[PDB]
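> Provided hereafter are the protein sequence and its experimental coordinates.
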Amino acid sequence: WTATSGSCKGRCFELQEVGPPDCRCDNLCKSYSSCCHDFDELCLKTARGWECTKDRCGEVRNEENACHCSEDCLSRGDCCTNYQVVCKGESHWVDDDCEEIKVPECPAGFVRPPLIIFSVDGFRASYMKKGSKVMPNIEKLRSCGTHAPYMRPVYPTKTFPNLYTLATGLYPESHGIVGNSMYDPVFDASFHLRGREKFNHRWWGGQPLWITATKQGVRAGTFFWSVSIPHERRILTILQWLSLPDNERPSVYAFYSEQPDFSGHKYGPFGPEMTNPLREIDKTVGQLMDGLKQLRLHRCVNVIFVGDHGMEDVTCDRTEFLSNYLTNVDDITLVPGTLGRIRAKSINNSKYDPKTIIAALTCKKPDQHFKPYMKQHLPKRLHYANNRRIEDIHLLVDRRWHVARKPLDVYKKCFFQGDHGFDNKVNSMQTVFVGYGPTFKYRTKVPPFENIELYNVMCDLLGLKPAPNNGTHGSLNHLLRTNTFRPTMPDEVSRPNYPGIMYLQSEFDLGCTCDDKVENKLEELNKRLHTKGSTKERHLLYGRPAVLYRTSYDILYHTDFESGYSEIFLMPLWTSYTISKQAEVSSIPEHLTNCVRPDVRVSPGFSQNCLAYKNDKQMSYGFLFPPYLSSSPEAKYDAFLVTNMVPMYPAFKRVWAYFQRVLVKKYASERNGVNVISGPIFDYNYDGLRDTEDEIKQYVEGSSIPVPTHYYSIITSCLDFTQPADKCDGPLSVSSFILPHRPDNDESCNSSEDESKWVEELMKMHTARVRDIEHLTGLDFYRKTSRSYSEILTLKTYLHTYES
Ligand SMILES: *[C@@H]1O[C@H](CO)[C@@H](O[C@@H]2O[C@H](CO)[C@@H](O[C@@H]3O[C@H](CO[C@H]4O[C@H](CO[C@H]5O[C@H](CO)[C@@H](O)[C@H](O)[C@@H]5O)[C@@H](O)[C@H](O[C@H]5O[C@H](CO)[C@@H](O)[C@H](O)[C@@H]5O[C@H]5O[C@H](CO)[C@@H](O)[C@H](O)[C@@H]5O)[C@@H]4O)[C@@H](O)[C@H](O[C@H]4O[C@H](CO)[C@@H](O)[C@H](O)[C@@H]4O[C@H]4O[C@H](CO)[C@@H](O)[C@H](O)[C@@H]4O)[C@@H]3O)[C@H](O)[C@H]2NC(C)=O)[C@H](O)[C@H]1NC(C)=O
Ligand SMILES: CSc1ccc(C(=O)c2c(Cl)cc(Cl)cc2Cl)cc1Cc1ccc(=O)[nH]n1
Ligand SMILES: [Ca+2]
Ligand SMILES: [Cl-]
Ligand SMILES: [K+]
Ligand SMILES: [Zn+2]
């Protein structure tokens with residue numbers, strides 16, 4: 001109960017939330033059902049509309065009006081946005097040529113340029129070009145400011161998870177807003193777009209920008225707008241707050257639009273009905289820019305025009321029904337739509353079996369427009385596992401499709417022609433970024449980047465120190481005219497040993513055999529030089545990766561490759577090698593098929609052994625530097641060292657071998673040489689961070705050899721591919737992946753065919769950023785290059801998406 005009988009007189013859109021049951025006049029009151037009796041009358045005036053006309057100029061002030069054309073309105077902070085255009089012969093912002101904003105041009109009392117986040121729901125990236133004719137204000141922002149061709153949302157590509165990511169720099173798995181709809185098993189509560197539950201603070205983790213600012217003495221406008229407050233009233237409230245006295249004025253503001261999303265759902269992303277909502281968004285941008293020009297703030301404020309996700313064509317008849325696949329369909333709860341999440345209908349039911357559910361959903365129809373996953377097997381790039389509100393069973397739905405439990409759910413629980421939510425690499429889910437202002441660059445295009453990076457940049461823009469987040473601070477420095485944040489490489493924590501030859505062969509009892517006793521003053525000196533790192537400049541092109549945690553490891557040099565060998569994990573943390581465009585593929589000689597050789601640099605005690613592999617009927621082994629790519633038959637012996645060996649399921653060995661035998665060589669051909677860094681990853685608790693030794697859940701039978709959950713590779717070349725990778729003067733080009741190390745290939749429905757019909761497809765699905773690899777390994781790459789550190793950070797956040 002609210003004593004809703006107090007008044008909003010004087011307090012319209014007050015910035016501090018008053019405590020109950022003293023009635024409210026802020027933005028959230030409509031939704032809390034707690035507005036004072038007179039809120040509508042005083043605070044949501046509409047009389048005379050939103051525009052000045054000739055006959056209103058120099059009028060006598062009438063307080064009932066929605067906005068004002070009286071002579072006193074500039075001082076009072078409440079003119080209609082077009083006031084000066086109509087009554088003072090001024091021009092609209094959009095009709096002024098753009099001029100570089102070299103320095104902030106702010107009124108006295110502004111301690112820093114304000115930041116305005118103009119946020120648009122469902123604004124697909126291609127609207128910038130396709131809708132350009134009807135969006136002149138937005139097109140001016142875009143061409144005069146800094147813009148990306150598109151911005152990558154987070155998964156799922158829904159509204160709430162993406163807005164809260166914008167505000168916190170965090171993956172949904174970390175901030176808690178894992179879907180537009182969610183069920184928490186501990187709260188026994190469901191969170192929904194509609195209703196009151198969403199307002200409880202227990203759902204909302206991390207630290208959003210308005211709180212970061214408040215805690216560091218920067219005041220903030222509301223980010224949440226009530227649906228029922230019209231857009232012209234949100235613009236006018238922002239411009240009013242901007243006329244408050246210096247001690248009361250916020251430095252950060254947000255404007256939110258439910259369009260074009262709302263129409264996109266009804267009409268599809270390019271329906272003819274979509275032209276008008278783009279015109280309307282444009283007009284709102286013109287209002288804000290006209291209002292800012294009135295207050296002399298249009299060369300002082302930094303504006304961000306940003307979307308939360310795009311919009312795809314999705315209709316009723318493109319629905320897959322779980323009832324066509326399962327028979328026990330009434331035992332599950334499905335969160336339906338452009339993604340699937342499945343859990344038991346009852347927790348008091350012990351019969352429920354995820355393995356049986358997954359099995360009934362895998363490769364059952366030729367055309368199947370979804371693919372089931374245990375959450376921990378989803379591509380690592382989606383970062384969508386480490387939260388109790390994310391169900392163990394996930395369905396990645398094909399773009400343009402929906403998943404539903406039963407047909408009754410679709411005709412009784414067509415209406416819609418668009419939707420979003422799909423994998424965040426899908427073109428049609430991409431969205432927009434433009435920054436315009438004194439702190440942004442002038443007329444600059446930047447590469448596509450992810451929305452998890454903006455929190456750091458908005459903190460920079462406001463002189464704030466960011467709460468810890470998943471952005472890579474520095475990676476967007478190239479957006480900004482003037483920096484504030486100077487990144488530095490993390491310090492190496494463990495330094496390597498460099499062992500020489502310390503062990504005689506007979507000290508090893510590893511149960512290994514090799515046919516290698518088939519053996520000069522010229523090339524006895526050479527192989528000794530190789531073992532001391534003579535070729536190391538060739539194979540380690542960017543310096544050794546730094547180990548950022550406490551551990552014990554050895555650098556091992558060879559003719560063809562270099563490695564960092566973990567004495568703790570009994571295998572390399574990283575193996576580095578260069579394959580030039582000219583290099584040849586050869587095969588494993590018959591006599592060397594089961595060859596594994598003890599490494600005289602590394603004790604028996606810190607080595608793997610062949611016997612464990614013999615005994616483990618599930619687990620075989622592969623090599624990190626491939627024998628196939630040896631530079632000489634003599635160099636090929638180095639690849640069979642026990643220290644180059646790693647545990648691999650035979651199912652996995654199919655993928656791995658195809659990558660090593662066919663794809664490295666193809667990439668080296670196409671890219672003019674490639675450098676490859678490969679290694680294992682341990683993430684048993686699926687938190688996207690490297691596992692400590694005591695977190696490992698699986699070992700090769702009867703040994704201390706831990707089993708990787710994933711295998712990575714980082715493949716680097718020269719962006720100017722007329723230069724060879726090993727002699728590149730300028731910017732680098734990278735693609736990487738993190739392959740799940742799985743004992744079957746159930747993920748790939750064509751896996752019974754030749755590897756050439758399915759392996760590359762899998763590897764594309766599991767494309768990764770270097771930065772994802774870094775979190776997963778505790779390593780830091782590219783420490784010695786000629787590139788600036790900012791550029792290197794951009795490079796480490798790059799994701800190769802394989803879309804067209
Ligand atoms: C993406 O970026 C983020 C942010 O950097 C990374 O996420 C961070 O990861 C850290 C390492 O895993 C993790 O550290 C934990 O945190 C434990 C403390 O937990 C609470 O406190 C957090 C701080 O809030 C305050 O922040 C500022 C200062 O920064 C203050 O001024 C304010 O006062 C703030 O309140 C808070 O963030 C955190 O929020 C989570 O939980 C909330 C409610 O439950 C949710 O609403 C919210 O969404 C967060 O939930 C996420 O994270 C949790 C795990 O924290 C996860 O389970 C969820 O699914 C979800 O993903 C909490 O409220 C701290 O106690 C931990 O310490 C243990 O381990 C260390 C190891 O060194 C030991 O030394 C230590 O003693 C302790 O061990 C003990 O406990 C063990 C397990 O409980 C037990 O086994 C053992 O025996 C011991 O008893 C540890 O430091 C951060 O909390 C986490 N932050 C967030 C927001 O997620 C993330 O990794 C990045 N992702 C990638 C891929 O890189
Ligand atoms: C830059 S606009 C922006 C940024 C972040 C957030 C939020 O984090 C948020 C909050 Cl604070 C409360 C709730 Cl219930 C849900 C969300 Cl997603 C909200 C908005 C705007 C908005 C969103 C939806 C809406 O109805 N009204 N306004
Ligand atoms: Ca982990
Ligand atoms: Cl959802
Ligand atoms: K075996
Ligand atoms: Zn939507």
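Thanks, I have the structure now. Numbering: from 1, shown residues only. Ligands and ions are numbered 1, 2, ... in the order given.
> neighbours of the closest residue to residue 351 other than its chain neighbours, how many?
Once flanking residues are discounted, residue 351 sits nearest to residue 331: 8.0 Å by CB to CB, 6 or more residues apart in numbering. Every residue, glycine included, has its C-beta placed from N, CA and C. Residue 331 has 15 neighbours, counted by other CB atoms under 10 Å.
> how close does residue 331 sit to ligand 4?
21 Å (CB to the ion, to the nearest Å).
> now the residue in the stretch 201-350 of the chain that ligand 4 sits nearest to: closest residue in space, sequence neighbours ignored.
Across the stretch 201-350 of the chain, no residue is closer to ligand 4 than residue 335, which sits at 5.8 Å (CB to the ion). Nearest residue to residue 335, sequence neighbours excluded (CB to CB, 6+ apart): residue 341, at 4.0 Å.
> same check, this time on residue 557
Nearest one to residue 557, counting by CB to CB, 6+ apart, is residue 533 at 4.2 Å.
> the one you found: what's it in contact with?
555, 557, 562 (CB atoms under 8 Å, 6 or more residues apart in numbering).
> who wins for neighbours among those residues?
The most neighbours of any of those, using other CB under 10 Å, belong to residue 562, which has 23 neighbours.
> wait, that one touches residue 578, no?
No. Between residue 562 and residue 578 there is no contact under CB atoms under 8 Å: 9.8 Å.
> find residues that contact each of those two.
By CB under 8 Å, 6+ apart, the residues touching both residue 562 and residue 578 are residue 539.
> against ligand 4, how distant is residue 760?
31 Å.
> other SSEs contacting the helix or strand containing that residue?
Secondary structure assignment for residue 760, by DSSP states H and E: helix 759-765. Contacts defined by 3 or more CB pairs under 8 Å, 6 or more residues apart in numbering; DSSP states H and E place helix 759-765 against helix 650-658, strand 732-740.
> try 7 Å
Using 3 or more CB pairs under 7 Å, 6 or more residues apart in numbering; DSSP states H and E, the elements in contact with helix 759-765 are helix 650-658.
> does the helix it packs on come close to ligand 5?
No. Counting by CB under 5 Å from the ion, ligand 5 is not contacted by helix 650-658; separation bottoms out at 8.1 Å.
> and the helix or strand that that helix is followed by, which residues are buried?
Downstream of helix 650-658, the first helix or strand assigned by DSSP H and E is helix 664-671. Within helix 664-671, the residues that qualify as buried are 664-665, 667-668, 671, counting by 16 or more other CB atoms under 10 Å.
> quick check, nearest of those to residue 288?
Nearest to residue 288 out of the buried residues of helix 664-671 is residue 671 (CB to CB; 45.4 Å).
> residues touching the nearest residue to that closest one once chain neighbours are set aside, list them.
Using CB to CB, 6+ apart and skipping the chain neighbours, the partner closest in space to residue 671 is residue 717 (4.0 Å). Each residue near residue 717 by CB atoms under 7 Å, 6 or more residues apart in numbering is listed here: 671-674, 725, 733.
> would you reformat the residues you listed as a markdown table and include distance to residue 160?
Shown next, in a markdown table, are those (distance: CB to CB, whole Å):
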| residue | distance to residue 160 |
| --- | --- |
| 671 | 40 |
| 672 | 45 |
| 673 | 45 |
| 674 | 41 |
| 725 | 43 |
| 733 | 35 |
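> which of those has the largest number of neighbours?
Counting neighbours by other CB under 10 Å, residue 674 leads the contacts of residue 717 with 31 neighbours.
> now it. Its backbone dihedrals?
phi -140, psi 150 (degrees, to the nearest 10).
> can you get me a residue count around the residue of the stretch 301-450 of the chain found nearest ligand 5?
Taking CB to the ion as the measure, the stretch 301-450 of the chain has residue 377 as its residue closest to ligand 5, at 22.5 Å. Neighbourhood size, residue 377 [other CB under 10 Å]: 19.
> against ligand 2, how distant is it?
Distance, residue 377 to ligand 2, by CB to the nearest ligand atom, to the nearest Å: 29 Å.
> bridging residues for the residue nearest to residue 335?
Beta-bridge partners recorded for residue 341 (DSSP bridges): residue 335, residue 394.
> who touches it in this structure?
Here residue 341 is in contact with 335, 391, 394 (CB under 7 Å, 6+ apart).
> gap between the first one and ligand 3?
This points to residue 335. Counting by CB to the ion, the separation of residue 335 from ligand 3 is 26 Å.
> for that residue, give me its contacts.
179, 181, 341.
> the second one and residue 194 touch, don't they?
In other words, residue 181. No. Applying CB atoms under 7 Å, one finds residue 181 not in contact with residue 194, separated by 9.8 Å.
> ok, these two, which is more surrounded?
residue 181 (16 against 7).
> what is the subsequent helix or strand relative to the longest helix along the chain?
Ranked by number of residues, the top helix in the chain under DSSP state H is helix 275-294. Remark: after helix 275-294, the chain's next helix or strand is strand 302-307, criterion DSSP H and E.
> the following helix or strand past that next one - contacts with which helices or strands?
Once strand 302-307 ends, the next helix or strand along the chain (criterion: DSSP H and E) is strand 312-313. Helices and strands touching strand 312-313, by 3+ CB pairs under 7 Å, 6+ apart, are strand 418-419.
> how far does the strand it packs on sit from the chain's center?
Its chain's C-alpha centre and that of strand 418-419 lie 22 Å apart, by CA atoms, centre = their mean, to the nearest Å.
> what strands line up against it, and which way round?
Strand 418-419 has these strand partners (DSSP bridges): strand 312-313 (antiparallel).
> starting at the chain centroid, how far to the strand it pairs with?
Distance, centroid of strand 312-313 to centroid of chain: 21 Å (CA atoms, centre = their mean).
> quick check: what element follows that strand along the chain?
strand 319-321.
> is it fair to say the residue nearest to residue 671 lies in a strand?
Yes. The assignment for residue 717 is a strand, going by DSSP: H, G, I helix; E, B strand; the rest coil.
> show me what from the chain comes close to ligand 5.
So far as CB under 5 Å from the ion goes, the chain lies against ligand 5 at 613, 616, 620.
> out of these, which are inside helices?
residue 613.
> if you rank the residues of the chain next to ligand 5 by neighbours, which is first?
residue 613 (22 neighbours).
> contacts only, for that residue.
619-621, 700.
> one more time with 8 Å, if that's ok
Here residue 613 is in contact with 619-621, 647, 700 (CB under 8 Å, 6+ apart).
> and if you look at residue 610?
510-513, 596, 642.
> what does residue 651 give?
742-745.
> picking up where we left off before, can the longest helix of the chain be found next to ligand 2?
No. For helix 275-294, no contact with ligand 2 is found by CB under 6 Å from any ligand atom; the gap never falls below 13.4 Å.
> mind giving me the packing neighbours of that helix?
helix 83-87, strand 115-121, helix 136-144, helix 231-241, strand 252-260.
> and the ones you listed: which comes nearest residue 400?
Per CB to CB, nearest to residue 400 of these: strand 252-260, 18.7 Å.
> residues contacting the closest one, please?
114-123, 127, 209-210, 213, 218-225, 227, 231, 234-235, 238, 241-242, 274, 277-278, 280-281, 284, 288, 311, 458, 462.
> are any of these buried, and which?
114-123, 127, 209-210, 213, 218-223, 225, 231, 234-235, 238, 241-242, 274, 277-278, 280-281, 284, 288, 311, 458, 462.
> what residues does the protein have near ligand 2?
117, 119, 160, 163-164, 166-167, 198-199, 208, 223-225, 227, 254, 256.
> convert the C-alpha atoms of the longest helix of the chain to CSV, please.
Output in CSV follows, covering the C-alpha atoms of helix 275-294 (Å, rounded to 0.1, in the frame of the first residue of the first chain):
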residue,chain,number,x,y,z
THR,A,275,9.9,2.6,-43.1
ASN,A,276,7.8,4.8,-40.7
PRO,A,277,9.3,3.5,-37.4
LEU,A,278,12.8,4.3,-38.9
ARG,A,279,11.6,7.9,-39.8
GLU,A,280,10.2,8.3,-36.3
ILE,A,281,13.5,7.2,-34.6
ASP,A,282,15.3,9.6,-36.9
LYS,A,283,13.0,12.4,-35.9
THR,A,284,13.6,11.7,-32.2
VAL,A,285,17.4,12.0,-32.8
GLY,A,286,16.7,15.3,-34.5
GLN,A,287,14.8,16.5,-31.5
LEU,A,288,17.6,15.7,-29.1
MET,A,289,20.2,17.3,-31.4
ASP,A,290,18.0,20.4,-31.9
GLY,A,291,17.5,20.6,-28.1
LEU,A,292,21.2,20.2,-27.5
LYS,A,293,22.0,23.0,-30.0
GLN,A,294,19.5,25.3,-28.2
